[PDB]
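Enquirer: following this: a sequence and the matching experimental structure.
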Number of protein chains: 2
Amino acid sequence: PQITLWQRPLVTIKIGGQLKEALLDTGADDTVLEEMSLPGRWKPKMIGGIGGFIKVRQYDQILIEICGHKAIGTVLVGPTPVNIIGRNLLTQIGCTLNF
Amino acid sequence: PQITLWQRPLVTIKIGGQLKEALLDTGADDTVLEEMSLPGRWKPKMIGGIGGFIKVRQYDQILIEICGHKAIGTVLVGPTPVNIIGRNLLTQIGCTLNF
Ligand SMILES: COC(=O)N[C@H](C(=O)NN(Cc1ccc(Br)cc1)C[C@@](O)(Cc1ccccc1)C(=O)N[C@H]1c2ccccc2C[C@H]1O)C(C)(C)C
């Protein structure tokens, strides 16, 4: 699809059999979701935001649907303002910027 | 132009007669630039994201030129770790997300 930016680019994702609202963020190198439960082991990760770096859990090879596009990648879990879908997954669904 | 997301979508901008590199961020409501001088009146503002909030100065009706495209809008100046072009300006240059 083509998404304009007059409002927040919010879309429905599906992870762990559940639906959530997430923001397509080309400015985010990674994908970080609000506190939740994911399977397997996780690793430590420091992501830097507008106000500093925070601690987050890193799970790899996680299944996640974005606007019907199935993707499998790294998903970070932590205290983010909103669910953020980053470049690591935006590149998997073939998302590009255009003007 | 069409910009991919394999790498951060950084572009050149011209503001206040100065050339700068900035990050096209669809996950950004506003445009915030690193410490610099801008013309006119300003009002203090607090913006937040991963890591928390930072204090910035808000200047309105500021001219900007992104990849040759002239635009007008609000610009925030403060301790941001990277120059960021927010949705408030991306819309003016006709920028959209496609996949
Ligand atoms: C209403 O408030 C706002 O619009 N604030 C904006 C904002 O903070 N944007 N979002 C966060 C956010 C998204 C949606 C909503 Br709803 C609210 C906040 C994040 C950001 O793109 C900015 C950023 C980019 C580069 C360096 C540092 C920070 C970011 O944090 N990027 C990092 C990131 C995120 C997840 C995983 C890894 C990494 C690494 C880096 O790419 C504003 C302050 C620019 C205006």
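Expert: Sure thing, it's come through. Numbering: from 1, shown residues only, chains lettered A, B, ... in the order given.
Enquirer: make it CA atoms for all contacts and neighbour counts henceforth
Expert: OK.
Enquirer: since we're on residue A:29, how many residues are nearby?
Expert: Residue A:29: 20 surrounding residues under other Cα atoms under 10 Å in any protein chain shown.
Enquirer: next up, the contacts around it.
Expert: For residue A:29, the contact set (Cα atoms under 8 Å, 6 or more residues apart in numbering or on different chains) comprises A:86-88, B:8.
Enquirer: SS state for the residue lying closest to residue A:14 once chain neighbours are set aside?
Expert: Leaving aside its sequence neighbours, residue A:14 sits nearest to residue A:65 (Cα to Cα, 6 or more residues apart in numbering or on different chains; 4.9 Å). With DSSP: H, G, I helix; E, B strand; the rest coil as the basis, the three-state label of residue A:65 is strand.
Enquirer: count the residues that sit near residue A:65.
Expert: Neighbours of residue A:65 (other Cα under 10 Å): 19.
Enquirer: ok, and the most crowded of the contacts of residue A:29?
Expert: Highest neighbour count within those, by other Cα under 10 Å: residue A:87, with 25 neighbours.
Enquirer: dump the residue contacts of that residue.
Expert: Contacts of residue A:87 (Cα under 8 Å, 6+ apart): A:25-31, B:5-7.
Enquirer: before we move on, what about residue A:15?
Expert: When contacts are counted by Cα under 8 Å, 6+ apart, residue A:15 touches A:63-65.
Enquirer: once you drop chain neighbours, what's closest to the spatially most central residue of chain A?
Expert: Here the mean C-alpha position of chain A is nearest to the C-alpha of residue A:85 (Cα atoms, centre = their mean), at a distance of 2.5 Å. Leaving aside its sequence neighbours, residue A:85 sits nearest to residue A:31 (Cα to Cα, 6+ apart; 4.5 Å).
Enquirer: that's all I had, so thanks and see you.
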